[PDB]
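Protein chains in written order, with the authors' numbering: chain 0, 8 to 84; chain 3, 2 to 60; chain Z, 1 to 187; chain S, 3 to 112; chain Q, 1 to 141. Every residue, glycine too, gets a C-beta built ideally from N, C-alpha and C.
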RNA sequence: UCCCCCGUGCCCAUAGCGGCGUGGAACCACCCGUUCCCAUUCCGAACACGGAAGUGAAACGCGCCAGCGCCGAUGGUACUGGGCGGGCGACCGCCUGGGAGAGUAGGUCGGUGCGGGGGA
RNA sequence: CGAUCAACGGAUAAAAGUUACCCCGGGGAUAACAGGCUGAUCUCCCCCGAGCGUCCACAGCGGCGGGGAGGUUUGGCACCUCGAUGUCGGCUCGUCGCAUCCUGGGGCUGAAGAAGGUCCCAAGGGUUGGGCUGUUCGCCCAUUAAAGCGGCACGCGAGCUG
RNA sequence: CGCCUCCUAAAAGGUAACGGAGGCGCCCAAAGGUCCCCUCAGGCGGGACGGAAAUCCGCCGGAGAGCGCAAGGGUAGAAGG
RNA sequence: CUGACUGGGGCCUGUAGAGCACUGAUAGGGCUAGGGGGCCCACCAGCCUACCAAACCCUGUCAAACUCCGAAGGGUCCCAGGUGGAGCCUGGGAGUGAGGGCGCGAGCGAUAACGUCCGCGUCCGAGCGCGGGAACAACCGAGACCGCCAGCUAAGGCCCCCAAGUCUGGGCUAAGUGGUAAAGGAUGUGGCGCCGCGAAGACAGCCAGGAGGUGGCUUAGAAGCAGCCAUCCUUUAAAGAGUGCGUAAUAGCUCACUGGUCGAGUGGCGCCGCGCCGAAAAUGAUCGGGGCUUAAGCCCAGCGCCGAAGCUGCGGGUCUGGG
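What follows is the structure, given as structure tokens:
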């Protein structure tokens, strides 16, 4: 008896890193995601790999706009 | 309101969170009583280990 | 027919107690009202088999109210096939939807030949008058053979009836019977 | 359901909403050109120019120039200088480009 | 016998069986049925044995209604092999059946025939069962 | 300060789909031409300019309709945190807190801000 | 820039087998024996009764399936034991279970009698000799009332043989 | 035997088994940037060759298409042409 | 003061569940392409098909790698509580890196293993210190500083061993079940609910009769006891051209049925509690034993009592922190 299966890639540690109502400095990774489960918004940047991060400082503000996808905002202090 | 709280059952073998809840109320031995102000936080810890402890609202 | 059943307002009693107490927790409502209630288990069963959803059921409230109602739905203990909560639809005025039984007059010629008859929908869906509820709907299921089928469009209706399903919805079919003769192939 | 008109409109306007500078929306009817400054954070029209209101005439390009300078004046009176131009569904050309020149030369920054 | 003609995944995990029958728990098609009473699996050989038993006891007419299906691939390893080194092969296809599951609906049959037929089929199956009738409880569901 | 229209936006279908009627004062649109600006992997279809012959047919706008769609209770339950038990086992009960999805009733043929033009 | 330094955090720039001729250190961290837990497999037992059985489901049978018991097989795990628990077979000596081969008792019969079949209760006693093979096992030989099946570390090497 | 995808994996992440499935060991000078333009699959009806399926037309379609290649995530208010 | 933990609030998640909106799988129908059959058939089409069979629709289900949804929860952060052998930082020293059992959620396995592999938790390890469970590391109780010829309780017990009730009240069981196992079976028993007929008299015990042509498909010549094609009524209690013994022939029996004699329950269902069988393994058996039956079992209600190294009381020691 042999096996074709048995291999699995490494855990990537995706997900949201800072939550709403949480102070962040600019440059902090907000969401480490594949594709855009959250879209960048107010004061929120997104690198080449869809990584959302703080553009300016302040507080994180998640906001779902229904059909318009889930956005993130960095509301300044 | 205040809370006469008598630890009336061993926490041994129970989950460490429950034991830590006992320490939060400062209870250390069996038969140890503590009247403590009923705060929703303290009342939360009491609710967590209510099965391990007896409670009576005194004042 | 008029099937009366005493209705009591469950106030804050735990449903497990009432179901334990021979009481069937239910709730009666319309676009106007909504009330937590309970009944007798054995009473609701006895009437309800007579008083299937096809029929008005007058809940005899404690205050003297006699509600023309309709069992919109009933919850069942799947682990026991036992009713566990009742949905009493307060059959007020302004004609409402329900299910009416089916009076399948006659026997299919094919069924007499040896085929098997299956009733697809043994009840029908109609938004009809609260006080114009025909208890039955007959059908000519005699002129059929094995493989013949009827639909919702062929059912004739009493006055004021509104078929609330697809007219092309088949409801009665005659399929080939179950025979050991076709089992030696399978033996 | 959308149109290349509509899809173009949300296209350019998403692109320009993206930056954050005030937007210069430019509707363009067959007989008129409408232009306004808008703060997407507030959904409030700051300054409103419109060929219809000015009662202009002549070549539509002409009126686009004129209303462009008019809106430039109304805005510069309010201190608004940097503003993102929104060509909307339109191609940046002809009347719309004439208006944009009406604002750039009108003292507006873009 | 009963078996899925194809599937996204050949093998499959066993999985807990606790809980009540989610779907298929009221007499829907036939007049009588054989509802389960204890959670258990039922292979295609067992479903088939109960089916042929029912049809034989009828022996004429009637309509049999199998409201279950053996999709989950049953699995055992080769005989006398040590543990590990892959997963066992697909012995066959079973069907999970929780309590409340109305396994069988027979219609187009006299009461006594369907009753005794469902009784024999009950003996063919590995679970305590209960013959029942289509009811307003069924009609209301 | 109200009605209409035109631009925007927000809420993300209760907002849609579908059918129905309706608007040309104005706006918008359709529309008239293609010399110009510009353009077609061909085409003035589109885009672009000049324009006003006619039309709201279309579109678009508004008002009606629940057929579809979407929203959706209340109860009840699944489930479950926790504390208890039971079961040979599969698994199952009970107390406390939480509590669905489905379905039912029922509801929705949008609401909202900003700025313009018109009107009252 | 030169990597299948791919055993891919890459021991050399550079490397395969064999040992019953073996040896040392360790291990019950781990195998073969046994024991142990499970009972898949196995033996046995019941459920349904399709069908057979002139007919007649059940004298005898018992399709397809189901539910059990035992723990003697082959197995699984690796739990004691690798500063040792000697492993098949035969012999001697037994003892025990009954899921009874005969002997005892009985039921039913497709039991005329006789002979049988099946089941039930029953472990007191018995269960032969030989050929072949290391064999157990099995076949055969001649019998027998019968020529039981198993446990006892597949009993028994501080009892023997090898 | 290294890395990617999914489940396993118990609604944070991480999480084992010689567990259940597939991949990678490249490729693109455009398959990169930017501006501008367009929106698919599919279904129906009509259409010479010509079809089931070429190209064309109209009609219905939120994406079920496509997005170089595994899966997934994402995506037409584009990342698609 | 930041800790564990707790409350408030904010948000993140796709699990259980549920559902079929995607992907599949899927049972039966409608519908119907299309292929299959029959003719009509090649002049090419057309009918019929109880054939298979798209797509679609209806009803009904499944999914670890499906999700229109979706918890309970958990994660994080802010605020508050929280002074603890709490927390953080900086250094020195470690050991450990063979774990195991139990519970729960999973995988593998055979929904086997005192199995293996994970997650959450606990205990042992290291607590083989203590009470109970007879004996027993992880099951129940409970964290052993010491002493006392003190007291109160935990689980567990209170008939003797063995301390505490042959304690009290209400039931059930008769199997020593208790004090071993399943399907399946069962006039076991106790309690239920459900329906029938019950004096225009029940079951029941009896008593008395109980059919005719005679033939149908007539045929292994039995109108009825035989493979069935049948089932007119008739005889003033009306009793079927039968259930079964003789009948490839009559018999005669007996039943349903006719009433009467007795004269009150009887008849049949479903539910539940506790029981029976089902139930055979190997040295001598056994609930730990003795024994135990309105229990000394099981269930329910109590009260009291016993019961540890738990706690309390006294005394003592010692460590940290404060005076």
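- The continuous beta strand (DSSP E) containing residue 96 (chain Z) extends over residues 96-101.
- A residue is called buried when at least 16 other Cβ atoms come within 10 angstroms of its Cβ; residue 16 (chain S) does not meet this threshold and is exposed.
- Partner residues in the beta bridge of residue 6 (chain Z), as assigned by DSSP, are 60 (chain Z).
- Counting C-beta pairs with one atom in each stretch, the region 125-141 of chain Z and the region 95-109 of chain Z have three or more that are closer than 8 Å, which means they touch.
- At a cut-off of 8 Å between C-beta atoms, residue 90 (chain Q) does not count as an interface residue with respect to chain 0.
- At least 8 Å separates the beta-carbon of residue 19 (chain Z) from that of residue 28 (chain Z).
- Residues are counted here when their Cβ sits less than 9 Å from a Cβ of chain Q; for the region 110-128 of chain Z these are 111, 114, 115, 116, 117, 118, 119, 120, 122, 123, given in chain order.
- If you compare the alpha carbons of 97 (chain S), 34 (chain S), 32 (chain S), 44 (chain S) with that of residue 67 (chain S), the shortest gap goes to 97 (chain S).
- The beta-carbon separation of residue 20 (chain Q) and residue 78 (chain Z), rounded to 4 Å, stays under the 8 Å limit for a contact.
- When the five nearest sequence neighbours on each side are left out, the beta carbons in the same chain lying within less than 8 Å of the beta carbon of residue 12 (chain 3) are those of 19, 20, 23, 50, 53, in order along the chain.
- Residue environment: residue 138 (chain Q) is assigned as buried (16 or more neighbouring CB atoms within 10 Å of its CB, all protein chains considered).
- In terms of Cα proximity to residue 22 (chain Q), the closest of 100 (chain Q), 85 (chain Q), 120 (chain Q) is 100 (chain Q).
- DSSP lists 118 (chain Z), 149 (chain Z) as the bridge partner or partners of residue 173 (chain Z).
- Only residues of its own chain outside the window of five on either side were considered, and among them 24, 48 have a CB closer than 7 Å to the CB of residue 41 (chain S), listed in chain order.
- Straight through space, the alpha carbons of residue 132 (chain Q) and residue 107 (chain Q) are spaced by roughly 12 Å.
- Around the beta-carbon of residue 62 (chain Q), 16 or more other beta-carbon atoms lie within 10 Å, marking it buried.
- When Cβ-Cβ separations below 8 Å define contact, residue 99 (chain Q) makes contact with chain Z.
- Under the rule that a run must span 3 or more residues, the beta strand (DSSP E) segments found entirely inside the region 18-66 of chain Q read 32-36, 40-43.
- Linking residue 100 (chain S) to residue 19 (chain S) through their CA atoms gives a straight-line distance of about 23 Å.
- Within the same chain, 139, 141, 144, 170, 171, 172, 173 come within 8 Å of residue 150 (chain Z) by CB-CB distance, once the 5 residues on both sides are set aside.
- DSSP places residue 47 (chain 3) inside the alpha helix (DSSP H), whose first and last residues are 41-49.
- At a Cβ-Cβ threshold of 8 Å, residue 5 (chain Q) and residue 90 (chain Q) do not count as neighbours.
- Apart from the 5 residues on each side of it in sequence, residue 16 (chain 0) has no Cβ closer than 7 Å to any other Cβ in its chain.
- Of the candidates 140 (chain Q), 78 (chain Q), 129 (chain Q), 136 (chain Q), the residue whose Cα lies closest to the Cα of residue 42 (chain Q) is 129 (chain Q).
- Residue pairing for residue 163 (chain Z): DSSP places it in a beta bridge opposite 126 (chain Z).
- Taking a cut-off of 8 Å for Cβ pairs, the region 72-80 of chain Q and the region 105-112 of chain S do not touch, as fewer than three such pairs fall below it.
- Check the Cα spacing between residue 69 (chain Z) and each of 62 (chain Z), 87 (chain Z), 76 (chain Z): the tightest is with 87 (chain Z).
- Look at residue 47 (chain S) here: in three-state DSSP terms it is strand.
- Proximity of chain 0 to residue 85 (chain Q) at the Cβ level (cut-off 9 Å) is accounted for by 8, 9, 10, in chain order.
- In the DSSP assignment, residue 38 (chain 0) forms a beta bridge with 23 (chain 0), 59 (chain 0).
- In terms of beta-carbon proximity, residue 141 (chain Q) lines the interface with chain Z, with at least one pair separated by less than 8 Å.
- For residue 134 (chain Q), same chain residues with a beta-carbon under 6 Å away, outside a window of 5 residues either side, are 27, 31 in chain order.
- Take residue 28 (chain 3), set aside five residues on each side of it, and the residues of its chain with a beta-carbon closer than 8 Å to its own are 6, 8, 35, 54, in chain order.
- Three or more beta-carbon pairs separated by less than 8 Å link the region 74-81 of chain 0 to the region 36-51 of chain 0, which places the two stretches in contact.
- Check the Cα spacing between residue 23 (chain Z) and each of 49 (chain Z), 43 (chain Z), 32 (chain Z): the tightest is with 43 (chain Z).
- Secondary structure of residue 53 (chain Z) (DSSP, three-state): coil.
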